[PDB]
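Read the single chain below, which is given as structure tokens and is the form deposited in one PDB entry.
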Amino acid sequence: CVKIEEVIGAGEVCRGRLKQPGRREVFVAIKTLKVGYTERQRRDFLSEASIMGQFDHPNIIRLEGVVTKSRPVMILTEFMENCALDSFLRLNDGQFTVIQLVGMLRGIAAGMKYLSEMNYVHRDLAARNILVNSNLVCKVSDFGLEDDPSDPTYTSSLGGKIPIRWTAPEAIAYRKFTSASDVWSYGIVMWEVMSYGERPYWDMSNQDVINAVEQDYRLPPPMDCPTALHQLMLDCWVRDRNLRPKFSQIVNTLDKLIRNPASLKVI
């Protein structure tokens, strides 16, 4: 049933084909586990496959199937042509209209609205975890495939790795991970999108980021970013987590900007 085609990255992420008795052949992404898999590693990989299988939404990565009967174990998903959002934007620097970028952000927010409705807290919302297809539809993902190892994207923190640049201050400080801390991460995703995949906080060290945020520093609007979009980022980054908009309100605000495109001209 599963046929491999080419290796993408390093277990490993590969491209291939899948055929089931009743449905037509579709291109798939195959997440494999490294040779000589441990009982705990196999349990962690399958518990991740079980999470993805619970969801069904046009802005959430679709799980096509899972291989359990034969080694190596596999996670099969629908192949997303344009790969990760951050890498896709960096090579397409200034090649999209504001409306297209807003549509991408609306898709991400619709996916996040669905997750929050299912009572699921993502914890790692970032442009590197958003996949893009040929039609520019953005899909929220996780458990898939480094600018400076001195200021790593993830910090080895006791219980688990934390991406400091994308994490709400209360989730860094007290591990208070909620849909509101995912909204903070979404605000960082908005900034990554409007900047065509720049590194949040630039040269600032990871410790500088925590200190600056605590002292009310907020990322400036990227070049040519409409004021309304930046204001929405600032709303996502309220220190009071109760005042941050819900994903349903973000979707509503983005739709209001799409209906009134003149508001996307004000820079």
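One rule holds for the numbers: they count along the sequence shown, beginning at 1. Note that the rigid core is defined as the largest set of C-alphas that superpose within 1.5 Å between two forms.
The following text describes the form deposited in another entry, which does not appear among the structures shown.
Novice: Might you check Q231, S205, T68, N211 and identify the only one whose CA position changes by 2 Å or more between this form and the one not shown on rigid-core superposition?
Specialist: Among the listed residues, the outlier is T68.
Novice: Hey, does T32 budge by 2 Å or more at the Cα between this form and the one not shown once the core is superposed?
Specialist: Shift at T32: 2 Å or more after core fit.
Novice: After core superposition, I'd like to know whether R23 moves between this form and the one not shown (criterion: C-alpha shift of 2 angstroms or more).
Specialist: It does shift by 2 Å or more.
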